[PDB]
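Below you will find one chain, with nothing else, as structure tokens; this is the form deposited in one PDB entry, and questions on how it binds or moves follow later.
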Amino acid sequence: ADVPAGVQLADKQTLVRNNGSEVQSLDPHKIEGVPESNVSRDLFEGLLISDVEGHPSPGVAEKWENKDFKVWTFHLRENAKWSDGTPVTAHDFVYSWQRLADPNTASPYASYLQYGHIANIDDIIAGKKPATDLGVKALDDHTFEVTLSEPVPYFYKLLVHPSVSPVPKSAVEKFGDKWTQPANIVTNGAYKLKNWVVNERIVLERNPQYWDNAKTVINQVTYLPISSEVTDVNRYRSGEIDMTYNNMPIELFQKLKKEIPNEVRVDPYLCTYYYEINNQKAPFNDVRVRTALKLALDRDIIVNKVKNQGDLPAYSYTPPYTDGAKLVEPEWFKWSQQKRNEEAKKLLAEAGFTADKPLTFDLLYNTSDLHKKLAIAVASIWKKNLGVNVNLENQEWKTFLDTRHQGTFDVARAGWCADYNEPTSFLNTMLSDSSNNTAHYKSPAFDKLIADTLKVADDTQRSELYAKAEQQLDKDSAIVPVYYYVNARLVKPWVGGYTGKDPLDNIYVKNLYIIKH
């Protein structure tokens, strides 16, 4: 943290943050969500980190160079250490990125290395080459060199993600899946794990071996797993929670904006809320049905009337304000809702649905006040505008993610937040073989449009190709875009160092501080 001149700090430097739900894991190679990455950034630090405003900045690597955007060399600071005191080395990153790539690890983010195009990744994922062939090598203890199969000008932007953070080989090998217990874990970020009580709390304590430890101010942070946004707001207002999670409840938000204006932080956020359709399950493998659902949902009612927290009605998957996005707004979005509704009823009648045999399916969502109120409003809107019946089902976060990967579903509530600020951070997730593709969408046309993007060395040509990729997705109605999020949460007046300028919301508790109050 960089504490402004003249601010007076509290004696006690502890922080309580709500984290949305129980993390899937603390293993950087087994995680894929916001809750999971919130905690991962305090414990594991990769090559680069985001600074307080979100810019890619020195992490373990103090400086780096590239040759033709294909060979990237990272110079690792000499005093980077793990919490047990041993040095963080380039060999740590070699082993880690090989473990990420290895199909035996089954990482949900194994495709992150395809997105950066590291050499040999495709064969590695397919089991044709061992993970030791991955295009990474430690030139020495403080030098990590990455070789890509094609130029990737924005490659270094990928490197703040938890999936490319280092893991400690010796703890992993000795303890297997219990390497992350508090008695066994070893960490290299600003914090260390103190306690982990499932469905109760995660407590982190300063890591004195962290290379930037002298600038760390908060000595302890607890992460809570409260999925009820109403409860999170209540425990914030009672004094227990210093920072809510960034999902706000429909029950209380309008009241909050008028009662505590200064605590309600509302900032840009590169995340899209949508209903993910399982594209390989009938009748959702029929474009007419996916299109009807997309068109009959009334975004103005949901975004401006039922939620009304600043979100913007969505017509695409990649948010239009992503760096590099120049999207074409489709004609259906400018129509009236009436005109969308006829076309949608038309398409279902054409798909063979009638009043006597209507379209009935499940709408799965992760337990949450917000998602349940949005799902009920969407069910009612779909019933009224299209005559479809929906059976709502909630599941806890971890289970919800497994279901989506299994494909044991019809439609699911969904949100994707960028990992790096470039359109391929969204678009790559719809690639046929993407480990992140829970829409189970497979389009040879979509895949080729994206493959073409690194075969041109022109930003305009690249942006036009992303725009066409979004058009292919929309044409196929892969998903139901609902709104582009705003980052809305409550933050106590004494929590300093949260700017709201990072559109990725990559917060590091080592950058925060408690003001005397």
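Residue indices: 1-based, along the sequence shown. Think of the rigid core as the biggest set of C-alphas that the two forms share within 1.5 Å after superposition.
Trainee: Should the higher mean CA B-factor in the entry be assigned to 254-262 or to 195-203?
Mentor: Higher of the two, by average CA B-factor, is 254-262.
Trainee: Going by the B-factors listed in the PDB entry, is the mean over the C-alpha atoms higher for 399-407 or for 350-358?
Mentor: Per the deposited B-factors, the answer is 350-358.
Trainee: Take the CA temperature factors straight from the PDB entry and tell me which of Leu158, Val233, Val94, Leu386 peaks.
Mentor: So the option with the highest C-alpha B-factor is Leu386.
Trainee: Among the choices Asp42, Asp459, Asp27, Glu32, identify the one whose CA B-factor in the record is greatest.
Mentor: Across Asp42, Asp459, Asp27, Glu32, the entry lists the biggest C-alpha B-factor for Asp459.
Trainee: Among all modelled residues of this chain, ranked by Cα B factor, put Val60 in the bottom, middle or top third, i.e. lowest, middle or highest.
Mentor: As the PDB entry reports it, the C-alpha B-factor of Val60 lands in the lowest third of its chain.
Trainee: State the tercile, meaning the lowest, middle or highest third, of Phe426 with respect to the CA B-factors recorded for its chain.
Mentor: Its C-alpha B-factor, which the entry lists for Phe426, ranks in the lowest third among residues of this chain.
Trainee: Would you mind checking where the Cα B-factor of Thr322 ranks among the modelled residues of its chain, as the lowest, middle or highest third?
Mentor: Its C-alpha B-factor, which the entry lists for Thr322, ranks in the lowest third among residues of this chain.
Trainee: Ranking the modelled residues of this chain by C-alpha B-factor as given in the entry, is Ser477 in the lowest, middle or highest third?
Mentor: Its C-alpha B-factor, which the entry lists for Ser477, ranks in the middle third among residues of this chain.
Trainee: According to the PDB entry, is the CA B factor of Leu490 in the bottom, middle or top third of its chain, that is, lowest, middle or highest?
Mentor: As the PDB entry reports it, the C-alpha B-factor of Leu490 lands in the lowest third of its chain.
Beyond what is shown, the protein has a form deposited in another entry; the following relates to that form.
Trainee: Does the C-alpha of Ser57 move 2 Å or more between the shown form and the other one once the rigid core is lined up?
Mentor: No, shifts by less than 2 Å.
Trainee: For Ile218, decide whether the Cα shift between the shown form and the other one is 2 Å or greater, given a superposition on the rigid core.
Mentor: No, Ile218 moves less than 2 Å.
Trainee: Explain in one word, closer or farther, how the Cα atoms of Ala131 and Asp447 are placed in the other entry relative to this form, where the distance changes by 3 Å or more.
Mentor: Here the pair is closer than in the other entry; there, farther apart.
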